[PDB]
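Student: Here you go, one structure.
Note that we place each Cβ from the backbone using ideal geometry, even for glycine, and neighbour counts take in every protein chain shown. What follows draws every value from the coordinates through simple rules; no lab data is involved.
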Amino acid sequence: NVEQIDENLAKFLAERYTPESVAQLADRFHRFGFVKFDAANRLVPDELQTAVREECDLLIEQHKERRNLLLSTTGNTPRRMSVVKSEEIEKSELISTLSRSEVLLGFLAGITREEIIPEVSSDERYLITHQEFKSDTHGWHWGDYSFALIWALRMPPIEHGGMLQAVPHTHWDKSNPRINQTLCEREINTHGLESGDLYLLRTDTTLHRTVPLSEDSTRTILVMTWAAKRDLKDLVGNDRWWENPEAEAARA
Amino acid sequence: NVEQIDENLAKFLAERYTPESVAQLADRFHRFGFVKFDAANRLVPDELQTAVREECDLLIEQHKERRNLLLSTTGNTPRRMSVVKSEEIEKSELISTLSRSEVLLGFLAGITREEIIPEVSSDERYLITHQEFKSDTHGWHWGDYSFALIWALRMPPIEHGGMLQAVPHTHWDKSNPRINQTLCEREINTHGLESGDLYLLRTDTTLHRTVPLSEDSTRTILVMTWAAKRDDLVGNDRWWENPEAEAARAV
Amino acid sequence: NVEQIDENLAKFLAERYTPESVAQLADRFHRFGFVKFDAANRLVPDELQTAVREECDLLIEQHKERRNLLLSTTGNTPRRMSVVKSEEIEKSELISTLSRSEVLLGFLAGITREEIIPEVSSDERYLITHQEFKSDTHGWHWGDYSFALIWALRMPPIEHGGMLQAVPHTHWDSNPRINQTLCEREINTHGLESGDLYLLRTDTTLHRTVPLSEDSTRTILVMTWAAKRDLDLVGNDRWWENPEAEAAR
Amino acid sequence: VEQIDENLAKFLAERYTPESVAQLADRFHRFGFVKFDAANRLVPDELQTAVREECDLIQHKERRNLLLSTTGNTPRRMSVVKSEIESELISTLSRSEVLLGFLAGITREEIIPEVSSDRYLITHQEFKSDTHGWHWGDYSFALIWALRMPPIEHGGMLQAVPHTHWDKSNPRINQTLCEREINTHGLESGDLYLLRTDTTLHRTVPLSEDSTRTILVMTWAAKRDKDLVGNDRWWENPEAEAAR
Ligand SMILES: N[C@@H](CCCC[NH3+])C(=O)O
Ligand SMILES: N[C@@H](CCCC[NH3+])C(=O)O
Ligand SMILES: N[C@@H](CCCC[NH3+])C(=O)O
Ligand SMILES: N[C@@H](CCCC[NH3+])C(=O)O
Ligand SMILES: [Cl-]
Ligand SMILES: [Cl-]
Ligand SMILES: [Cl-]
Ligand SMILES: [Cl-]
Ligand SMILES: [V+3]
Ligand SMILES: [V+3]
Ligand SMILES: [V+3]
């Protein structure tokens with residue numbers, strides 16, 4: 001009921017978090033560019049995530065688009081997955097209002113320590129990626145915007161791959177990504193996830209990817225992309241492979 | 001696959017459990033009739049559970065059977081669920097071999113503090129319950145056998161119901177179940193479950209049930225029933241194998 | 001300090017508590033007659049605790065009075081400890097001001113769910129108990145007043161004893177029936193660590209401290225408060241302020 | 001009374017598995033440090049209480065206040081008890097084959113009690129500025145008994161830098177700190193920890209006020225462990241030239 005969702009989520013977060021504990025999560029987010037909301041520290045009520053997982057699962061069964069390309073602006077890292085564009089996820093009233101919820105964005109703003117602005121490009125507001133076959137992966141890349149709340153809806157067993165790897169405190173130079181060079185100079189943090197987890201990712205300064213699936217499994221995530229004040233900046237690269245599969249940077 | 005699963009499991013358990021921590025779990029088992037293996041205290045590797053889940057998913061879509069009955073031997077409590085009979089689950093080489101694994105049965109024997117014998121009735125070796133609709137429930141009852149390892153494969157949101165309620169330290173008298181009377185005299189322990197959890201249940205002396213679903217959802221579990229040394233079957237109440245058993249009532 | 005204690009305590013508590021989580025503490029307080037403020041639920045900043053403990057250490061060395069009698073109004077339960085009188089602790093401006101602090105009583109009122117009135121008897125306003133030898137205990141008893149905030153300033157290891165044992169939802173009678181109540185009810189034992197604070201519903205919770213197994217230091221501070229029901233007093237058993245009370249033995 | 005190796009081998013067998021100990025070995029090799037706390041006890045609580053009582057040997061309480069030259073003039077401000085300790089309880093457990101056998105699964109190599117009889121060390125820091133300054137160890141292994149630990153807000157934590165080496169002529173202390181990160185290990189009363197004392201630069205943080213920090217060191221040795229150089233040996237001989 002939108003207003004009832006926010007009123008409940010407010011109580012839900014007030015039952016689990018305090019200003020001191022959020023400040024500890026803010027420290028972790030700035031150190032790793034990543035904070036995980038697992039069974040210990042939940043972010044949304046289990047009934048709410050179920051509702052989100054069902055609305056996403058329906059969008060996959062109808063709108064799934066296979067992608068298998070290389071993105072030149074990220075050192076030609078692979079993008080082997082199925083996607084659901086943002087223009088089609090925006091039809092879901094639940095996912096659309098929740099991604100602009102004053103309660104959710106305000107709570108997470110305590111972790112980012114800066115205003116979270118739900119005003120990003122229409123083709124990037126929401127993204128659903130669905131990896132099914134072996135070698136499927138979201139290759140090393142950066143995000144155009146500052147923040148993204150990722151819903152780890154369905155994750156394979158950790159022995160099948162699919163983990164999130166991350167290198168924080170970097171930046172995206174599209175004219176020269178230096179992806180493999182950065183790995184040589186920095187330690188990689190591997191973040192395993194379990195079905196039901198959510199995590200906040202600082203997408204613009206954290207080089208990240210998903211470990212390829214070593215065997216046929218199912219990896220479904222929902223991405224809510226948000227902006228910071230620094231992102232409100234012209235979009236460059238012509239590398240929007242999730243919307244346009246034959247972008248000027250998408251080589252196959 | 002095959003006998004390599006016992007070696008993987010023997011390592012999986014050695015990495016997490018010690019005789020001291022198992023003895024602590026054994027204390028909880030006798031106190032509650034219930035020990036939960038959740039995200040903190042896993043029991044089987046994630047890949048192994050996924051393989052068991054996928055085998056049960058297929059068994060459901062292949063040989064599901066709807067049950068909607070009351071059981072006279074358990075005070076006419078409702079059984080409202082779909083099931084897959086033990087005869088069909090035994091077609092799974094993985095599930096049947098894992099139900100008789102010496103390392104799995106051996107580890108759990110430290111929690112039961114007694115030998116776990118994998119010799120039970122052929123219509124009760126395995127069982128799958130599939131609750132899908134509102135008011136679906138596995139009503140108040142006991143187990144004819146002592147032990148049951150329950151795989152909480154798919155569990156609905158906690159706000160929709162489906163929790164295990166239990167009353168430990170009771171007994172099943174099929175001529176006078178005294179279920180509602182036991183509730184009046186004893187406290188009820190409610191056990192929330194999440195998808196992926198397993199739990200060991202002392203089914204003969206723990207009055208238990210699943211909280212009915214408050215809305216359409218999905219609740220899928222697998223039952224591995226084992227026997228103790230204390231375990232002749234009476235009651236004519238084997239409703240999961242025979243929907244028209246003597247004790248099975250209608251409406 | 002003085003008026004700085006309130007601004008510091010209000011800022012300290014507002015960062016570690018929400019009205020929703022305080023409600024969860026209020027449930028636990030009505031259930032067990034007891035709620036512990038430990039490393040997971042701090043109540044005062046570390047500086048305020050140090051100043052209170054440091055002040056309490058001086059009051060112990062200067063004016064220690066040992067008690068060792070049996071109280072008839074609590075079934076002849078033993079009271080083997082050293083104590084410091086209330087009028088003595090009232091001289092400390094820090095303890096007296098913190099005892100009436102609108103921020104402290106205001107926060108704790110959300111746990112009791114009723115008004116906490118700092119109007120009690122002059123001889124029972126504050127209390128320090130120091131047990132140093134074996135077989136020392138504050139025997140089974142109740143409280144004449146509703147609420148008491150206890151400062152577990154120095155607590156021995158659990159293996160030495162000194163834990164708080166409690167039976168909530170009782171009352172204090174001419175006929176205490178203490179061992180009978182233990183037979184009919186079951187006892188909650190609450191272990192305490194150095195620096196812990198806990199709120200106790202003293203009028204309805206039969207409570208004691210487990211006797212010391214060996215020589216060990218056990219130092220606490222009681223800040224007794226009252227509720228609306230505590231506004232008529234009897235017993236002739238005020239042993240802490242009068243060791244020659246009519247109930248002592 | 002030789003009844004310790006039996007009660008210890010049972011105490012450890014029900015609290016550790018070979019795969020659990022292998023995880024402790026990785027932690028020991030990476031940090032040079034493995035702490036035995038409430039989650040991973042090493043001795044029964046009665047045995048430690050007997051050691052804490054036996055050590056409380058301090059009968060030999062000799063204060064120290066020097067600067068060791070082979071460690072860049074880092075301070076040594078504490079009391080000591082000389083290896084006086086060789087009490088039959090500490091001596092028997094130090095050569096206990098069950099204890100040295102289990103701990104060898106963490107070091108991944110055999111540990112030998114054949115060390116200089118100069119063996120056991122009891123540290124007793126009391127006043128402020130008391131510290132066991134930056135240093136290494138002439139021997140590989142040492143099991144430290146944090147018998148009594150002040151609260152963390154006062155100091156006493158162990159700061160360690162693994163994967164280093166001791167050059168008595170050029171200790172390179174502050175320069176090593178600039179190039180390596182410092183691991184701070186907080187300790188509580190009752191914890192024990194195994195320390196690779198030769199390749200781990202370590203120290204205790206100086207106490208911020210008068211407190212009580214009591215420790216017992218049982219220095220063992222390894223096969224790769226030579227000659228005693230530096231003329232340091234400050235815990236034994238207070239006037240050993242290498243002091244200050
Ligand atoms: N730029 C990202 C896509 C961002 C989608 C929203 N976080 C990539 O190359 O995969
Ligand atoms: N006795 C149980 C059936 C157990 C089947 C699984 N072991 C009941 O009446 O519901
Ligand atoms: N009346 C209590 C002591 C109360 C002290 C003030 N709260 C007793 O008999 O021990
Ligand atoms: N060699 C160390 C002392 C070790 C004493 C024996 N465990 C130092 O220079 O401080
Ligand atoms: Cl991204
Ligand atoms: Cl059953
Ligand atoms: Cl009282
Ligand atoms: Cl050393
Ligand atoms: V991304
Ligand atoms: V009292
Ligand atoms: V040393």
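Student: Spot the failing condition for D:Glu86; the list is (1) among the acidic types (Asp, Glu); (2) over 26 Å from D:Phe36 (Cβ atoms); (3) under 17 Å from the mean Cα position of the chain (by Cα), and only one is missed.
Tutor: That leaves (2) as the condition not met.
Student: So which residues in the range D:222-244 are crowded, with 20+ Cβ neighbours inside 10 Å and within 25 Å of D:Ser87 (Cβ to Cβ), if there are any at all?
Tutor: D:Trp234, D:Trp235, listed by residue number.
Student: Give B:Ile111, B:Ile150 a once-over and let me know the one that is in contact with a helix residue (DSSP H, G or I) (Cβ under 6 Å, 6 or more places away or on another chain) and more than 16 Å from ligand 11 (Cβ to nearest atom).
Tutor: Answer to the check: B:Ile111.
Student: Right, here's the next one. Whether any residue in the range B:62-74 is closer than 22 Å to B:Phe34 by Cα and within 16 Å of ligand 2 (Cβ to nearest atom) is what I want to check.
Tutor: Scanning the range B:62-74, I find at least one residue that is closer than 22 Å to B:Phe34 by Cα and within 16 Å of ligand 2 (Cβ to nearest atom), so the answer is yes.
Student: Here is a further query. Answer yes or no as to whether B:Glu3 is exposed (fewer than 14 other Cβ atoms within 10 Å of the Cβ) and either over 23 Å from B:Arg154 (Cα atoms) or away from every other protein chain (no Cβ under 11 Å) (or both).
Tutor: yes
Student: Given the condition within 13 Å of another protein chain (Cβ to nearest Cβ) and either at negative phi or more than 18 Å from the chain's Cα centre (by Cα) (or both), answer yes or no: does some residue in the range C:56-73 qualify?
Tutor: no
Student: Let me ask something additional. I need a count of the residues in the range B:26-43 that are within 14 Å of chain A (Cβ to nearest Cβ) and in a loop (DSSP other than H, G, I, E, B).
Tutor: 5
Student: Next up: Answer yes if at least one residue in the range D:215-226 is within 14 Å of another protein chain (Cβ to nearest Cβ) and more than 16 Å from ligand 3 (Cβ to nearest atom), and no otherwise.
Tutor: Filtering the range D:215-226 down to residues within 14 Å of another protein chain (Cβ to nearest Cβ) leaves none.
No, the conditions are met nowhere in the range D:215-226.
Student: Could you give every pair whose Cβ atoms fall below 6 Å, whose first residue belongs to the range A:226-250 and is in a helix (DSSP H, G or I), and whose second residue is not aromatic (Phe, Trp, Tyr), counting only separations of at least 6 or pairs across chains?
Tutor: Partner pairs satisfying both residue conditions: A:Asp231/A:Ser146.
Student: List the number of the failed condition for B:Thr170; all other conditions in (1) touching a strand residue (DSSP E or B) at 6+ places or on another chain (Cβ under 9 Å); (2) within 14 Å of chain A (Cβ to nearest Cβ) hold.
Tutor: Answer for B:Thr170: the failing condition is (2).
Student: Follow-up question, since we're still on this one. On the basis of being under 21 Å from C:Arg154 (Cβ atoms) and within 14 Å of chain A (Cβ to nearest Cβ), does C:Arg53 make the cut? Steps first, please.
Tutor: Details: under 21 Å from C:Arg154 (Cβ atoms): yes; within 14 Å of chain A (Cβ to nearest Cβ): no.
Against the criterion (under 21 Å from C:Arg154 (Cβ atoms) and within 14 Å of chain A (Cβ to nearest Cβ)), C:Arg53 does not qualify.
Student: Among (1) under 26 Å from B:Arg53 (Cα atoms); (2) within 13 Å of the chain's Cα centre (by Cα), which single condition is A:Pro212 missing?
Tutor: Just one mismatch for A:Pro212, condition (2).
Student: Okay, next question. Taking the range A:156-166 as the search range and keeping residues that are farther than 21 Å from A:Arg202 by Cα and crowded, with 17+ Cβ neighbours inside 10 Å, which one is farthest from the other protein chains (Cβ to nearest Cβ)?
Tutor: This residue is A:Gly161.
Student: Moving to a separate point now. Spot the failing condition for C:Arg16; the list is (1) of a type outside the set (A, V, I, L, M); (2) outside any loop (DSSP other than H, G, I, E, B); (3) surrounded by 15 or more Cβ atoms within 10 Å (Cβ to Cβ), and only one is missed.
Tutor: Every condition holds for C:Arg16 apart from (2).
Student: Only one of A:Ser121, A:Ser146, A:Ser92, A:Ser96 is away from chain B (no Cβ under 14 Å) and over 17 Å from the mean Cα position of the chain (by Cα). Can you tell me which?
Tutor: Unique residue meeting the criteria: A:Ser92.
Student: Looking only at the range D:167-219, which residues are within 16 Å of ligand 11 (Cβ to nearest atom), surrounded by 20 or more Cβ atoms within 10 Å (Cβ to Cβ) and in a loop (DSSP other than H, G, I, E, B)?
Tutor: If the condition is that a residue be within 16 Å of ligand 11 (Cβ to nearest atom), surrounded by 20 or more Cβ atoms within 10 Å (Cβ to Cβ) and in a loop (DSSP other than H, G, I, E, B), then D:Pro171, D:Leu187, D:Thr197, D:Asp198 are the ones that fit.
Student: Sticking with this one: I'm told B:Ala39 meets every condition in (1) buried (at least 18 other Cβ atoms within 10 Å of the Cβ); (2) within 22 Å of B:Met163 (Cβ to Cβ); (3) over 18 Å from the mean Cα position of the chain (by Cα) except one. Can you identify the failing condition by its number?
Tutor: (1)
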